[PDB]
Amino acid sequence: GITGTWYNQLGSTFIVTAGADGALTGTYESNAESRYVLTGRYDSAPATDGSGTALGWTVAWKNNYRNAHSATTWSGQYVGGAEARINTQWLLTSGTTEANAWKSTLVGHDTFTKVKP
Amino acid sequence: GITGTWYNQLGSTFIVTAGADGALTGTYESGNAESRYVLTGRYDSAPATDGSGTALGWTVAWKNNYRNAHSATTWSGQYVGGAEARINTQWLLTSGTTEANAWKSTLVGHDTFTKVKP
Amino acid sequence: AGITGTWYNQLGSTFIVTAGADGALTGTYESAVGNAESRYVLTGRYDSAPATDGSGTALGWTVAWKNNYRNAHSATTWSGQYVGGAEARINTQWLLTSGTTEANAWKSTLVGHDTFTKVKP
Amino acid sequence: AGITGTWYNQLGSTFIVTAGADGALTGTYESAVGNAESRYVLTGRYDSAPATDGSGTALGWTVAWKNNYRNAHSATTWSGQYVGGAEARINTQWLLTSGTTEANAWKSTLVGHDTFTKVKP
Ligand SMILES: COC(=O)c1cc(C(=O)OC)cc(-c2cc3c(=O)[nH]ccc3o2)c1
Ligand SMILES: COC(=O)c1cc(C(=O)OC)cc(-c2cc3c(=O)[nH]ccc3o2)c1
Ligand SMILES: COC(=O)c1cc(C(=O)OC)cc(-c2cc3c(=O)[nH]ccc3o2)c1
C-alpha cells in the first residue's frame, strides 16, 4: 500500500517505491529544479492487528540545480484503508558553524494522502 | 569524512559509507548479529566551504532476520570534521500503533557519534 | 477574542487558560489520553505584545501530571502560537518527559503536535 | 527537592529558580553576563512527589523572549528531569516557537537539548 504517489498538506509530492527488502526509494518535490532524491526504510512485515506500518526517509536538499546545505528526515507510520495516510513528524537540520549549531534543527509534522488536498 | 565506523554515547555502532551520489548505506547495531540492522540515508555531497558542517540523515527500520519491533528511527544532524570528528544528531523513533494509541507513538532524543567507543 | 478562554485539542482534551497582562498563562488542563484524571494545574508564558505584521502570538505552558487523584511522574510542555481569525487556533508541538532511571532515560520523552480551537471538534 | 537555586547550561545561560511546595517553578532566565536586557521571566511545573525507586523528577518550564528591553516574538519550553546527588543535573529537550504568518509556520519551531549543572561550565 505504500508504493505510489503521495501529497502532503502544503503542496509537496512524494513518489516512492516500497521494495520487498524494506527499502524506500523515490523522489520528493517541494519542475526538475525542485526534485530531490529520497531514500529510507519501512517495516516489511507489519502487524495485522490494526496498527500502522512504521517507516522513515531522508531528503538531502541538493540536486543538480540547487543546494540548501540541509536535510530532512520524516519518521512516521503508514495507515491503510479507504482514506490511507502516512502520518509523520520531521526534523530538518542545516549545516552550521559550531556557534550556530544550537539553532540548526527545525521540527514539524506532515500528513500525506493518496489524493491531492 | 563521513565514511567509517562510529559509536554513539551509549555504545551503539554505526557503520556507514557515503557514496558519490549523496547516498548513505550501512548497518546499525543498537554486539551480536541479532542486533544488526540495515540503514539508508542521504547527505550533502557538496557542503559549504565556510566552516559549516555537512547535513545528513538516515533511517533504520527495526526488523532483521531475528527480531521485529514494528518501529523505525530517523537521525537528522550534521557531520563536523576536524581533530575529533563528530556527527551530532537528533532522532525520532516511531512505533506502529492503532489510531487510539498514535498520540504516544513517537519518542525523541539526541545522539552524538564519534570514531571512538565511549 | 484572544488567548484567554476554554480550548479543546483534536483528541478532546480541555485547556482552560487565562492570559494575564504581565505575560502569564494560568489555568487547568484535562487530558483525554494517558494516566490522567480530572484537572491539572498549568502555568506558562506568552508574548503580550506580538508583532503587527500578521504573525501569530508565541506561547508555551507546562503541566506536571500530579493532582489529588493520580501522579504519573511526568510532565508535558506545549510550545506554539495563537493565530487569530474567524476560527481562532493555537498550533503546538509538545514534549512529554517521564521521570526515569538513567538506564531508561533514552526513552523518557514522547513528542507530538496538538491543535486547539475554541470549538470542540 | 533539590531544584531551588541557580543552574548553568552548556552554553553559558543561567537559570534561577524556586521550586514551590505545590509544584510551582518560578524564577528568571538570563545570559552568562546577566545584564538586564538578557533577563526574562520563567514559569513552570515539577512533580513535587517523585518516585522513590531512583527515577528522576519530571519538570518543565517556559520563557517568552519578551522583557522591558526587547521582544523576539518567540518562546521556548524545556521538558526534562532533575537528577540529584553530588553531580546534580537537569537534563532537558526544548522547543523554540516563533510567531509567524501561516505561510512561514512550517519553519516556526526549533528543537534542541540543554543540560544544566550547579557549577559554571
Ligand atoms: C528550496 O529548497 C527546498 O525545496 C527546500 C529547502 C529547505 C531548506 O531548508 O532550505 C532553506 C527545506 C525544504 C523542506 C521541505 C520540507 C517539506 O516538504 N517537509 C518537511 C520539511 C521540509 O523542508 C525544502
Ligand atoms: C532490539 O531492538 C532494538 O535494537 C531497538 C529497538 C527499538 C525500538 O524502539 O523498538 C521498539 C529502538 C532501538 C533504538 C536504538 C536507538 C539508538 O541507538 N539511537 C536512537 C533511538 C534508538 O532506538 C533499538
Ligand atoms: C538577550 O536575549 C537572550 O539572551 C536570548 C534571546 C533569545 C531569543 O530572543 O530567542 C529568539 C533566546 C535565548 C535563548 C537561550 C536559550 C537557551 O539557553 N536554551 C534553549 C534556547 C535558548 O534561547 C536567549
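First residue shown is number 1, and so on along the chain.
If you're wondering, the header gives X-ray crystallography, 1.5 Å.
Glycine is no exception: its Cβ is also placed from the backbone N, Cα and C atoms.
A:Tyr36 (biotin binding site) falls within a strand segment according to DSSP. A 10 Å cutoff on Cβ-Cβ distances gives A:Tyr36 (biotin binding site) a total of 19 other Cβ atoms nearby, all chains included. The biotin binding site annotation in Swiss-Prot covers A:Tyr28, A:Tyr36, A:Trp74, A:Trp90, A:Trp102.
Of all the binding-site residues listed (A:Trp74, A:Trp90, A:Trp102), A:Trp102 has the fewest other CB atoms within 10 A of its CB.
Separating A:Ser30 and A:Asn31 are 3 residues for which the deposited structure gives no model; the Cα atoms of the pair are 10 angstrom apart.
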